[PDB]
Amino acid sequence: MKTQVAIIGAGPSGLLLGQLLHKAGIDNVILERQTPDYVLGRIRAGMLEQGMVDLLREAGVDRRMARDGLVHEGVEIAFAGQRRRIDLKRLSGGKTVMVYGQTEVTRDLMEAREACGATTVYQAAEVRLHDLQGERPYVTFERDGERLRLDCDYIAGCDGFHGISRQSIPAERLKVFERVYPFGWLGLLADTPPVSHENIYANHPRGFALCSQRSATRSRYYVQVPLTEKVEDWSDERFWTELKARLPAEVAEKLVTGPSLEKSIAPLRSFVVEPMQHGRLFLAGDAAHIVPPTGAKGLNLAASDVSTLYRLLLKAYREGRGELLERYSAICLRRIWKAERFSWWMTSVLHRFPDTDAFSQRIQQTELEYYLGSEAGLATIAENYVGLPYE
């Protein structure tokens, strides 16, 4: 097989890059280890920045999102008996966020890719990269018993955190920045109407809680839990009871509960690798970095990475200077770290940390009081929440 850009992974990163390159005229093929049904089996929600929204329109996959998508002009933070709404639209200057799940985005992208007949190879196992600093890089994999080879000019590592792409770079070339938080999120997806038309973050002494949406008949809730916890010790019953205890009464009153469609515990991690590339290999999305989901930034960061790689690959294949591709890591990392900072801040002020002292609690409380009580403070949250202007 011959292509111009070999893409590893058919997640939202790889698919979006694939479709963007398609419109541009750049040949590309995607290799996915799992099956389409499995990738779509991944039930992850989604809050979208306008940057990602507009990027889906440019890729031509905006029709269904324009229909099923839900716009939020604001978001709520609850703490210390208070409920404070952040007017995102007003504070950021017209900008908003979009409720549209990653599962839907991934579906939409697949449909556009199948519809246009672009190349995608699922069940591609033992994926291995070759000659990365060489001039004829190539990929090798096995499906249906046969061993194939995909020749290429460039390789896009969009194979997520546990992908082979990052592990294909010599470790001596990479520096890893990592923070593991002492808690996880116990999440529950239910076929119930959301308690609020905007999302609600809650800092409660018992722990963090989050009320979120998917459709308008499907809700997504989280409560922070210790990593000592196992999902089997948490009935739907126990979940709703804890969630209600961590919410304002006037919210818990209005809360429609129900059976769990999905119930899982997710650990919170920060992760960044520098640089994000090696020769003809470019990492994007979870392959390069992880954020705690408190900021809802991982998928949006994946988008910005892909947007940068797409536009550099354009100026490369067109203007014959595949040298601007050296600027990939520096450009992405500037935005990645700003996302890591906000996601870290959000996590730091909304969660309860073990073995913290009285001073830390008061500082956390004062952080919320100041930033939610100041027009400037509110603006710093808002502009980060909707997404800072692209680079």
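Counting begins at 1, following the sequence as shown.
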Quiz item: Higher mean Cα B-factor in the deposited model: 328 to 336 or 33 to 41?
Solution: 33 to 41
Quiz item: Mean C-alpha B factor from the entry: is it higher for 139 to 147 or for 103 to 111?
Solution: 139 to 147
Practice problem: Please pick out which of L368, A24, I381, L16 has the largest Cα B-factor as recorded in the entry. | Solution: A24
Practice problem: Go through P259, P292, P182, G160 one by one and give the residue whose Cα B-factor in the PDB entry is largest. | Solution: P259
Quiz item: Going by what the PDB entry lists, where does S215 fall on CA B-factor within its chain: lowest, middle or highest third?
Solution: highest
Quiz prompt | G207 CA temperature factor, ranked by third within the chain | solution = lowest
Quiz prompt | Chain-wide C-alpha B factor ranking for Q50, given as lowest, middle or highest third | solution = highest
Quiz item: Based on the entry's values, in what third of the chain does the Cα temperature factor of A284 lie: lowest, middle or highest?
Solution: lowest
Quiz item: What third of its chain's C-alpha B-factors does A316 belong to: lowest, middle or highest?
Solution: highest
